[PDB]
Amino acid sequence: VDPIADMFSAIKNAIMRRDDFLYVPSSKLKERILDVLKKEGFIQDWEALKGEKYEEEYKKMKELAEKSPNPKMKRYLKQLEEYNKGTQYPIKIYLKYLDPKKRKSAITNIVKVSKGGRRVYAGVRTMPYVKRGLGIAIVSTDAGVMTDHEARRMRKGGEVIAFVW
């Protein structure tokens, strides 16, 4: 059960469906990761669906779920509930494509590196490049979650969460 890994999967599938967005369960790590992805231009944006914002959303998809009921729309309702159980809230992720028809995703791939048992930490001197430095590693440092480029600039090491390109 690796939540960060399961988010990468969802993201990828939604992309392959040519979807505009998708929801994922809240997490503070996930949020710092999405913030890297947004900052680097790999996603368009992401929203925390809390307070008044969560209400708004549920109504909308509810409305839409209700007219011309095509499959794969009630799911969002479904999803929108289990993600707000407890102290936790749903994240709405807005996907970025380059072309109007959404055939060219900003994300070519996104893959978990560090995992259970098979941890991957990089030191100051051994901070990896991704795709010749055209992609990114997302790394958890003692100064926050950031790119390999930034970790290097900050002369820091950390756990390598993911490669993205």
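Heads up: residue numbers just count along the shown sequence, starting at 1.
Enquirer: Take the C-alpha B-factors listed in the entry for 68 to 76 and for 86 to 94, compute each mean, and give the stretch with the larger one.
Expert: Going by the record's values, the stretch with the higher mean is 68 to 76.
Enquirer: On mean C-alpha B-factor from the PDB entry, just flag whether 118 to 126 or 37 to 45 is the higher one.
Expert: According to the entry, 118 to 126 carries the higher average C-alpha B-factor.
Enquirer: Of the choices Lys62, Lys30, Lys112, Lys102, which one's C-alpha carries the largest B-factor in the record?
Expert: Of the candidates given, the C-alpha B-factor peaks at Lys62.
Enquirer: Just to confirm, going by the entry's C-alpha B-factors, which of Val1, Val164, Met7, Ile161 comes out highest?
Expert: Reading the PDB entry, the winner on C-alpha B-factor is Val1.
Enquirer: Where does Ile15 sit by CA temperature factor within its chain: lowest, middle or highest third?
Expert: Answer is middle: the recorded C-alpha B-factor places it there.
Enquirer: Could you say whether, by C-alpha temperature factor, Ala143 belongs to the lowest, middle or highest third of its chain?
Expert: It belongs to the middle third of the chain when residues are ordered by C-alpha B-factor.
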